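Colleague: Following this message is one structure expressed as structure tokens.
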Amino acid sequence: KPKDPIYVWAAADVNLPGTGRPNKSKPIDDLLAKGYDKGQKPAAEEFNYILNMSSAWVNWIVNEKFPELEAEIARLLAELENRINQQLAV
Amino acid sequence: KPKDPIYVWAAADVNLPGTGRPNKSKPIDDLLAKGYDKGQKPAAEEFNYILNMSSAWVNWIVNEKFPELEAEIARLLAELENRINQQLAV
Amino acid sequence: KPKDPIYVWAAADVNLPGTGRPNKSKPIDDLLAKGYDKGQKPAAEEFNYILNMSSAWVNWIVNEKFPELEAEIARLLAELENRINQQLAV
């Protein structure tokens with residue numbers, strides 16, 4: 001419904017001149033459980049990684065899982081109807 | 001399961017008092033491809049837009065897609081049963 | 001499919017080490033409808049809360065809601081097939 005195609009944040013993986021490191025790095029699990037506090041300022045890698053997570057997975061849900069699922073349910077119904085059709089034919 | 005309803009971030013589409021410009025804007029594609037670096041700094045518009053997109057798509061998945069998919073699933077089976085039972089009665 | 005095994009951000013619910021307040025808090029709807037404006041100072045509370053909401057709602061859908069729907073589809077199809085099989089056997 002929303003009028004903008006889902007854009008995956010930091011889709012590409014590359015080195016940044018500022019850091020020299022990959023654009024995305026996994027936050028340490030301590031931070032994942034805890035989060036930030038006043039005074040902390042995020043590192044770019046963790047920010048990019050989190051946004052890429054939350055965008056790529058929504059993209060997957062919308063464009064891969066569902067288009068698969070409607071097709072699968074339709075095919076299931078069609079095959080059940082077909083089987084009952086051979087059963088009736090006799 | 002999550003315990004609270006899913007609110008949208010920056011739901012409204014209005015000119016901010018501080019800026020006088022729309023509260024949301026698409027980040028430039030180049031920035032999406034790589035994300036922020038050490039020196040680069042976030043703008044308010046992009047920051048709001050990312051979260052708004054995430055929350056809106058989460059709404060569209062949860063409160064819209066599954067209910068209508070379930071309704072379609074029920075309807076398909078009902079129509080198939082009706083079609084079969086017509087012939088069976090015949 | 002995404003390679004990331006999604007994780008819940010700020011999954012732990014405890015007061016901040018440097019501040020007695022909780023690590024998460026729902027932003028006032030006033031801000032939710034508008035979004036951060038120029039010169040505002042984001043607080044870790046709201047960022048953590050929104051990330052928690054997004055991550056939890058993503059993983060719930062990914063890991064629970066889809067298997068449930070698939071199981072329901074399978075059971076419905078099996079039972080529907082069985083009904084007509086029995087009736088045609090009669």
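Naming works like this for the structure tokens: A, B, ... for the chains as they're shown, residue 1 at the start of each chain, ligands 1 onward in shown order.
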For stretch 50-65 of chain A, please output as an MDAnalysis selection string all residues within 10 Å (counting only C-alpha atoms; exclusion window: fewer than 3 positions along the same chain).

Modeller: (chainID A and resid 5:12 24:27 32 45:47 68:70) or (chainID B and resid 32 35 50:51 53:54 57:58 60:61 65) or (chainID C and resid 1:7 9 51 54:55 58:59 61:62 66)

Colleague: Output, as a short mmCIF file (atom, residue, chain, number, x, y, z; two decimals) with N, CA and C atoms, in the first residue's frame, the coordinates of chain B following least-squares superposition onto chain C across all in-order C-alpha pairs.

Modeller:
data_model
loop_
_atom_site.label_atom_id
_atom_site.label_comp_id
_atom_site.auth_asym_id
_atom_site.auth_seq_id
_atom_site.Cartn_x
_atom_site.Cartn_y
_atom_site.Cartn_z
N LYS B 1 18.24 -13.72 -0.66
CA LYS B 1 17.67 -13.82 0.68
C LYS B 1 18.65 -13.31 1.73
N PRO B 2 18.15 -12.72 2.81
CA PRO B 2 19.04 -12.34 3.91
C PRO B 2 19.81 -13.54 4.44
N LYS B 3 21.05 -13.29 4.85
CA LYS B 3 22.01 -14.36 5.10
C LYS B 3 22.21 -14.67 6.57
N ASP B 4 21.69 -13.86 7.47
CA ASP B 4 21.97 -13.98 8.90
C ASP B 4 20.67 -13.93 9.68
N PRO B 5 20.64 -14.49 10.88
CA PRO B 5 19.43 -14.42 11.70
C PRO B 5 19.14 -13.01 12.17
N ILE B 6 17.87 -12.76 12.47
CA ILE B 6 17.41 -11.42 12.84
C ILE B 6 17.43 -11.25 14.35
N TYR B 7 18.37 -10.44 14.84
CA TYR B 7 18.47 -10.18 16.27
C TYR B 7 17.57 -9.02 16.67
N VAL B 8 17.15 -9.02 17.93
CA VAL B 8 16.33 -7.93 18.46
C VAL B 8 17.24 -6.89 19.09
N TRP B 9 16.83 -5.63 19.01
CA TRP B 9 17.57 -4.54 19.64
C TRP B 9 16.97 -4.22 21.00
N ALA B 10 17.84 -4.12 22.01
CA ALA B 10 17.41 -3.86 23.38
C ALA B 10 16.31 -4.82 23.79
N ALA B 11 16.58 -6.12 23.62
CA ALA B 11 15.56 -7.13 23.88
C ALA B 11 15.12 -7.11 25.33
N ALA B 12 16.07 -7.00 26.26
CA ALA B 12 15.76 -7.08 27.67
C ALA B 12 14.95 -5.87 28.13
N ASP B 13 14.22 -6.06 29.22
CA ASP B 13 13.43 -5.01 29.85
C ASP B 13 13.98 -4.80 31.26
N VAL B 14 14.93 -3.87 31.38
CA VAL B 14 15.66 -3.66 32.63
C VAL B 14 15.96 -2.18 32.79
N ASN B 15 16.25 -1.79 34.03
CA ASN B 15 16.62 -0.41 34.31
C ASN B 15 18.08 -0.18 33.95
N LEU B 16 18.33 0.79 33.08
CA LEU B 16 19.70 1.05 32.66
C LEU B 16 20.52 1.57 33.84
N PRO B 17 21.80 1.20 33.94
CA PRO B 17 22.61 1.73 35.04
C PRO B 17 22.71 3.25 35.03
N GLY B 18 22.93 3.85 33.86
CA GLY B 18 23.08 5.29 33.80
C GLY B 18 21.84 6.03 34.24
N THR B 19 20.66 5.51 33.89
CA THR B 19 19.41 6.18 34.19
C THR B 19 18.69 5.60 35.39
N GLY B 20 18.71 4.28 35.55
CA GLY B 20 17.86 3.65 36.54
C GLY B 20 16.41 3.58 36.13
N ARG B 21 16.13 3.68 34.84
CA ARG B 21 14.78 3.68 34.29
C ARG B 21 14.71 2.63 33.19
N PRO B 22 13.50 2.19 32.84
CA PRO B 22 13.38 1.12 31.83
C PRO B 22 14.07 1.50 30.53
N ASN B 23 14.74 0.52 29.93
CA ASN B 23 15.60 0.77 28.78
C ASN B 23 14.80 1.16 27.54
N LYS B 24 13.48 0.99 27.58
CA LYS B 24 12.63 1.32 26.45
C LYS B 24 11.42 2.11 26.93
N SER B 25 10.97 3.05 26.10
CA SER B 25 9.78 3.83 26.39
C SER B 25 9.14 4.27 25.08
N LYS B 26 7.83 4.42 25.10
CA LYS B 26 7.12 4.87 23.92
C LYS B 26 7.40 6.35 23.67
N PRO B 27 7.75 6.74 22.44
CA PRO B 27 7.82 8.18 22.14
C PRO B 27 6.43 8.81 22.21
N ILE B 28 6.41 10.09 22.55
CA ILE B 28 5.14 10.81 22.64
C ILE B 28 4.50 10.88 21.26
N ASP B 29 3.17 10.77 21.24
CA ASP B 29 2.45 10.68 19.97
C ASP B 29 2.77 11.87 19.07
N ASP B 30 2.87 13.06 19.65
CA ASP B 30 3.19 14.24 18.85
C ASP B 30 4.48 14.06 18.07
N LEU B 31 5.50 13.47 18.69
CA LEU B 31 6.76 13.26 18.01
C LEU B 31 6.62 12.22 16.90
N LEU B 32 5.85 11.16 17.14
CA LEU B 32 5.60 10.18 16.09
C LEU B 32 4.92 10.82 14.89
N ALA B 33 3.99 11.75 15.14
CA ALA B 33 3.24 12.34 14.04
C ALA B 33 4.14 13.14 13.11
N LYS B 34 5.24 13.69 13.61
CA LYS B 34 6.08 14.58 12.80
C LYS B 34 7.54 14.16 12.76
N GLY B 35 8.10 13.66 13.86
CA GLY B 35 9.50 13.31 13.91
C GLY B 35 10.37 14.48 14.34
N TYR B 36 11.68 14.24 14.32
CA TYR B 36 12.63 15.22 14.83
C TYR B 36 12.80 16.39 13.88
N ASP B 37 13.26 17.51 14.44
CA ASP B 37 13.59 18.72 13.70
C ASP B 37 15.06 19.05 13.94
N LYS B 38 15.53 20.15 13.33
CA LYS B 38 16.91 20.58 13.52
C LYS B 38 17.28 20.64 14.99
N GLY B 39 16.61 21.52 15.75
CA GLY B 39 16.96 21.71 17.14
C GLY B 39 16.67 20.52 18.03
N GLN B 40 15.54 19.85 17.82
CA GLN B 40 15.18 18.73 18.67
C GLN B 40 16.24 17.63 18.58
N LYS B 41 16.40 16.90 19.69
CA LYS B 41 17.46 15.92 19.79
C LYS B 41 16.90 14.58 20.27
N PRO B 42 17.51 13.46 19.88
CA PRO B 42 16.93 12.16 20.22
C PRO B 42 17.27 11.75 21.65
N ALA B 43 16.32 11.06 22.28
CA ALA B 43 16.56 10.46 23.58
C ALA B 43 16.89 8.98 23.42
N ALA B 44 17.65 8.44 24.37
CA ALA B 44 18.08 7.05 24.27
C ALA B 44 16.89 6.11 24.28
N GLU B 45 15.90 6.37 25.13
CA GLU B 45 14.77 5.46 25.26
C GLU B 45 14.02 5.31 23.94
N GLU B 46 13.65 6.43 23.31
CA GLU B 46 12.93 6.37 22.05
C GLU B 46 13.78 5.70 20.97
N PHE B 47 15.06 6.04 20.92
CA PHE B 47 15.95 5.46 19.93
C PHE B 47 15.97 3.94 20.04
N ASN B 48 16.16 3.42 21.26
CA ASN B 48 16.14 1.98 21.45
C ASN B 48 14.77 1.39 21.11
N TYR B 49 13.70 2.08 21.52
CA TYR B 49 12.36 1.52 21.37
C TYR B 49 12.00 1.33 19.91
N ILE B 50 12.35 2.30 19.06
CA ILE B 50 11.98 2.19 17.65
C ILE B 50 12.59 0.93 17.04
N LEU B 51 13.90 0.76 17.22
CA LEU B 51 14.58 -0.39 16.64
C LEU B 51 14.08 -1.69 17.26
N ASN B 52 13.81 -1.69 18.57
CA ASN B 52 13.29 -2.88 19.21
C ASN B 52 11.96 -3.29 18.61
N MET B 53 11.06 -2.32 18.41
CA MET B 53 9.76 -2.62 17.82
C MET B 53 9.94 -3.18 16.42
N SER B 54 10.78 -2.54 15.61
CA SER B 54 10.99 -3.02 14.25
C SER B 54 11.47 -4.46 14.24
N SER B 55 12.52 -4.75 15.02
CA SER B 55 13.08 -6.10 15.02
C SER B 55 12.09 -7.12 15.57
N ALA B 56 11.37 -6.79 16.63
CA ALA B 56 10.40 -7.72 17.19
C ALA B 56 9.30 -8.05 16.19
N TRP B 57 8.79 -7.04 15.48
CA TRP B 57 7.76 -7.31 14.49
C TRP B 57 8.32 -8.10 13.31
N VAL B 58 9.58 -7.85 12.94
CA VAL B 58 10.19 -8.64 11.88
C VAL B 58 10.27 -10.11 12.29
N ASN B 59 10.67 -10.37 13.54
CA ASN B 59 10.63 -11.73 14.05
C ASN B 59 9.23 -12.32 13.96
N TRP B 60 8.24 -11.59 14.48
CA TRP B 60 6.88 -12.13 14.50
C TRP B 60 6.37 -12.43 13.10
N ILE B 61 6.81 -11.67 12.10
CA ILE B 61 6.40 -11.93 10.73
C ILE B 61 7.12 -13.15 10.17
N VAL B 62 8.45 -13.19 10.33
CA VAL B 62 9.23 -14.23 9.67
C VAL B 62 9.08 -15.57 10.37
N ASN B 63 9.52 -15.65 11.63
CA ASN B 63 9.68 -16.93 12.30
C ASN B 63 8.40 -17.45 12.93
N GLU B 64 7.33 -16.66 12.93
CA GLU B 64 6.08 -17.10 13.54
C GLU B 64 4.94 -17.17 12.54
N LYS B 65 4.68 -16.07 11.83
CA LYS B 65 3.47 -15.99 11.02
C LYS B 65 3.49 -16.97 9.86
N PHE B 66 4.56 -16.97 9.05
CA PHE B 66 4.58 -17.84 7.88
C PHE B 66 4.55 -19.32 8.25
N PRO B 67 5.32 -19.80 9.22
CA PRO B 67 5.25 -21.24 9.55
C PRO B 67 3.85 -21.70 9.92
N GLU B 68 3.16 -20.95 10.79
CA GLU B 68 1.83 -21.37 11.20
C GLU B 68 0.82 -21.18 10.08
N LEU B 69 0.99 -20.16 9.25
CA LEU B 69 0.12 -20.03 8.08
C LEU B 69 0.28 -21.22 7.15
N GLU B 70 1.51 -21.67 6.93
CA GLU B 70 1.74 -22.86 6.11
C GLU B 70 1.11 -24.10 6.73
N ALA B 71 1.26 -24.26 8.05
CA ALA B 71 0.65 -25.40 8.72
C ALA B 71 -0.86 -25.37 8.56
N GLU B 72 -1.47 -24.19 8.72
CA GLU B 72 -2.90 -24.06 8.53
C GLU B 72 -3.30 -24.39 7.10
N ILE B 73 -2.50 -23.94 6.13
CA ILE B 73 -2.81 -24.23 4.73
C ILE B 73 -2.82 -25.73 4.49
N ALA B 74 -1.80 -26.43 4.99
CA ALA B 74 -1.76 -27.88 4.83
C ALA B 74 -2.95 -28.54 5.51
N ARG B 75 -3.27 -28.10 6.73
CA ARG B 75 -4.34 -28.73 7.50
C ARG B 75 -5.69 -28.55 6.81
N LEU B 76 -5.94 -27.36 6.27
CA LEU B 76 -7.21 -27.12 5.59
C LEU B 76 -7.40 -28.10 4.44
N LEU B 77 -6.38 -28.25 3.60
CA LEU B 77 -6.47 -29.17 2.48
C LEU B 77 -6.65 -30.61 2.95
N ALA B 78 -5.93 -31.00 4.01
CA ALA B 78 -6.06 -32.36 4.51
C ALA B 78 -7.48 -32.63 4.99
N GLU B 79 -8.05 -31.71 5.76
CA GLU B 79 -9.41 -31.90 6.26
C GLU B 79 -10.42 -31.93 5.12
N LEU B 80 -10.24 -31.05 4.12
CA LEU B 80 -11.15 -31.06 2.98
C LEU B 80 -11.08 -32.38 2.23
N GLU B 81 -9.87 -32.89 2.01
CA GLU B 81 -9.71 -34.18 1.33
C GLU B 81 -10.38 -35.29 2.13
N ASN B 82 -10.19 -35.30 3.44
CA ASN B 82 -10.82 -36.32 4.28
C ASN B 82 -12.34 -36.25 4.16
N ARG B 83 -12.89 -35.04 4.27
CA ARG B 83 -14.34 -34.88 4.20
C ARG B 83 -14.89 -35.37 2.87
N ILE B 84 -14.21 -35.02 1.77
CA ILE B 84 -14.68 -35.43 0.45
C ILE B 84 -14.58 -36.94 0.30
N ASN B 85 -13.45 -37.52 0.71
CA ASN B 85 -13.23 -38.94 0.49
C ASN B 85 -14.16 -39.80 1.34
N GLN B 86 -14.58 -39.30 2.51
CA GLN B 86 -15.58 -40.04 3.27
C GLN B 86 -16.84 -40.25 2.44
N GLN B 87 -17.36 -39.17 1.86
CA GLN B 87 -18.55 -39.27 1.03
C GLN B 87 -18.29 -40.13 -0.20
N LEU B 88 -17.11 -39.98 -0.81
CA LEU B 88 -16.80 -40.78 -1.99
C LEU B 88 -16.82 -42.27 -1.66
N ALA B 89 -16.25 -42.65 -0.52
CA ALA B 89 -16.31 -44.04 -0.09
C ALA B 89 -17.75 -44.47 0.17
N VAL B 90 -18.55 -43.59 0.77
CA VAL B 90 -19.95 -43.90 1.01
C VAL B 90 -20.63 -44.30 -0.30
#

Colleague: Can you tell me, as a ChimeraX atom specification, which residues in chain B count as alpha helix (DSSP H) by DSSP?

Modeller: /B:29-34,44-59,66-89
